[PDB]
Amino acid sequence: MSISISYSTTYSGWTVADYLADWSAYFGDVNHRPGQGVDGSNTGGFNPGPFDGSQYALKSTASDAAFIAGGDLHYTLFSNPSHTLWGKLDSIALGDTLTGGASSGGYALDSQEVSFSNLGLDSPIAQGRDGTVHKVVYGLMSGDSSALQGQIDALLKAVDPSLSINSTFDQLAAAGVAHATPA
């Protein structure tokens, strides 16, 4: 299946790149200092966990910003290659007000701003922190969405070569790859 994007109508006239830069700044680490993948309130984590899940969720330590990575994800912890997030990445949901968990039937964003589905990413454990899945998700807590964008831009062009991360959400809806959600 082709990339599918949901967006709050608030972002209709914004480019994907613009929104991602804004959300990155909201998450609060645009100087790329290394974090350890856990928020200060243990609001996120793996579902079902403890170190593997169909979801990996993380809240910012600087703001209410949060994301949920969806697929079939694995964290190596101290096992070689250490501190690697690998496996299948199907989706990224961005917004704020992270809630839920294993006990709640999954993580959710009370304010889901934008989501990217059918990303079709798979990284094996052997690639360690060089894996695309690791780089894409690590970028979302480390202020650098370039790996996610390489993947979104590539997926958009696979559908239509006139699309890019510089397309507005409304332009992507007109091209059949995005749909608006309530503000």
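One-based numbering along the sequence shown.
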- Item | Segment of higher mean CA temperature factor, 20-28 or 7-15 | 7-15
- Look up the CA B-factors in the entry and say which stretch, 126-134 or 29-37, has the higher mean. 29-37
- Report the option among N47, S117, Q149, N42 whose CA atom has the maximum B-factor in the deposited record. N42
- Using the B-factors in the PDB entry, rank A57's C-alpha atom against the chain and give the third, lowest, middle or highest. lowest
- Where does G139 sit by CA temperature factor within its chain: lowest, middle or highest third? middle
- Within-chain third of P81 by Cα B-factor, per the entry: middle
- Message: For the chain shown, is the CA B-factor of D72 in the lowest, middle or highest third of its modelled residues?
- Response: lowest
- Note on the structure: Chain-relative C-alpha B factor for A66 (record values, thirds): the lowest
